[PDB]
């Protein structure tokens, strides 16, 4: 078949909607998420008009091969969607109602700056390319945009699923292209990061600071070096959950900063021992007593500064 012809010189308007049935597998490293959803399409084809009184039916059903259907695609998908047509309904004035159920793997960039206390705006870009015979333009039918109440994205809270109603119409390779932006707003469930990463990392750091109440060099070296190794393990664990970024993340900044605290603690432990061996313990004692206050204080202030810069 070929596209419906214009009454005059108007573009063909294709009304769209996406209804989310499942959202799963938000992969942070790949910056992808999987979706299973209804895609609804609506347009006018006057060649399909009929008389209700005469035909004795308010609606006709067609198979996809029998009529013209716009080639709708997703911009930001790995591979073309897996689609199954559910229904095609034609009303007497030639208004087509198309419904498919599809699944796809979507590429959408994530901003990790405030990880694990981050929020994201996932995008699903709908697109249509114009044909020689006619310009095709997309619109949003808001009554056919939504999500099922049970849609859960493990490790995330789903805030809203809306569409930017005005398309981005632009030229690509001498044809018009009409693009819509469907936006899925989500926020990370930071809860588990507290007992599993943040608090264990703070406990080992505070354990290293017990060295400031000890004159045993051998024990101090064991305290600071062992805890540092445990800190390295947490640093490695965290970076396996995340892609490499051309910026610092909030957690990355704290993790990095804690290395400086371990480094300065080793210097203090070394300086303390060196003075004692040199028969200057009163001086070592001044440095050690100051360290007992300076370490937790500088750690608290540095964290207030970091929280301020990031939030």
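Numbering follows the first chain given and starts at 1.
- On average the C-alpha atoms of 6-14 have higher B-factors than those of the other stretch, with 289-297 and 6-14 being the two compared.
- Of the two segments, 85-93 and 176-184, the one listed with the higher mean B-factor is 85-93 (C-alpha atoms only).
- Of all the options 255, 35, 265, 49, the entry's greatest CA B-factor is assigned to 49.
- Taking the PDB entry at face value, the top CA B factor among 272, 249, 40, 55 belongs to 55.
- Ranked against the other modelled residues of its chain, the C-alpha B-factor of residue 26 as given in the entry falls in the lowest third.
- Sort the chain's modelled residues by C-alpha temperature factor and residue 160 lands in the middle third, per the entry.
- In this PDB entry, residue 142 carries a Cα temperature factor that places it within the middle third of its chain's modelled residues.
- Ranked by C-alpha B-factor against the other modelled residues of its chain, residue 150 falls in the highest third.
- Per the deposited record, the Cα B-factor of residue 124 falls in the lowest third when ranked against the other modelled residues of its chain.
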